[PDB]
């Protein structure tokens, strides 16, 4: 029991956490960041974003060397097999450098990193419990009196009832990122972005991937047209899709080494028994309020497990702000970064805004799928009259020149104001291109305004320019 005081304490060091802590230190405050696990960055830099994307880029280079190389005029005279150990080391060292860089950024901003479990004592004090391993609390058991405290605890994997996730043979997203042996068959329960990306990296490597999902279409936040097309390019890449299918059982049959799965189709209530070497339960992610002690002070949790807030990011206590994956919004690292900034700006200025309508969702498969704004379904649901204007990458100059033409840029605009309402891009660099769609939405620009922007030749950004040209008038290469 050792007592210290700070202006702000951030309980959690993820995208919402470490970002809120750096911005507060830059805003004059005496900041604290309490992180439970031995590294910072949270789920995104250790179990999320950075691990999966390192795996995804390197698997695509193995895939291009196996498929595209001959056609690109490069002869690989012999075998090309993946060294799973160094494949993992390329990913681990990226995680190691980024998490080690957040600790250095804290050190430069003079944010006191408390390496222990953060819990409430009062609605003013935070008990920093020691956790096992390297640096427990800051020489055992702290209590911190704070003026403002921002709860930036994250998320955890939603478990499937009855399935024991032993991350070895029945892995979750985390188990899948560390597999030191590539499966002959990898079954995935969940058609979401996390399941689709994990399906991609291992199918490129050799796994006969199958994706079981209760919903008909995949990536369920996607535009209908984009999602149906996302099934099609992944099915050409080698992913099988068992849709409208609920999983019943899943058990390690250790005698045969095979995770004996049993599923049932929704339209026809018959059941199949499947067999996969590794099973992945990517059914979702839920909030993590455990160990924080929301029950002591009475911080409201809803039916989903999320700490509720108002538009000013605070809960029933005006000084206790909840941000990230534990609170409302799409469970995305940059959404959490925007909330970590906006919450902290509210403490120094009384102002801050996260535009929830301009939050990009990007699946980093190849082609990358990315989208901002409203989908077709949402505009027809709202009764908004809209003009569609897509442009295939097969028509784009750099896409053909780079022999990477899968996808299209789709611009949905309002028919009478002609302003961009949505932008849904299946394509190479789609996560990069949606940034252009993001900035155009923030300014409330029309399809015509970006069409009048001079885009360089040859670039993939011209597909955007001309998708917009096709929306209000006519495109040149279409």
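Positions refer to the first chain, counted from 1.
Just going by the entry, 70-78 versus 126-134 on mean CA temperature factor gives the higher value to 126-134. The deposited model assigns a higher average Cα B-factor to 22-30 than to the other stretch when 22-30 and 449-457 are compared. Listed residues 362, 384, 279, 157 were ranked by CA B-factor as deposited; 384 comes out on top. Between the residues 260, 404, 264, 181, the entry's highest C-alpha temperature factor is the one at 181. Residue 115: CA B factor lies in the lowest third for its chain, per the PDB record.
Placement of the Cα temperature factor of residue 109 within the chain: highest third of the modelled residues, per the deposited record. In the PDB entry, a CA B factor belonging to the highest third of its chain's modelled residues is recorded for residue 236. Per the deposited record, the Cα B-factor of residue 191 falls in the middle third when ranked against the other modelled residues of its chain. Among the modelled residues of its chain, residue 415 has a C-alpha B-factor that falls in the highest third according to the deposited record.
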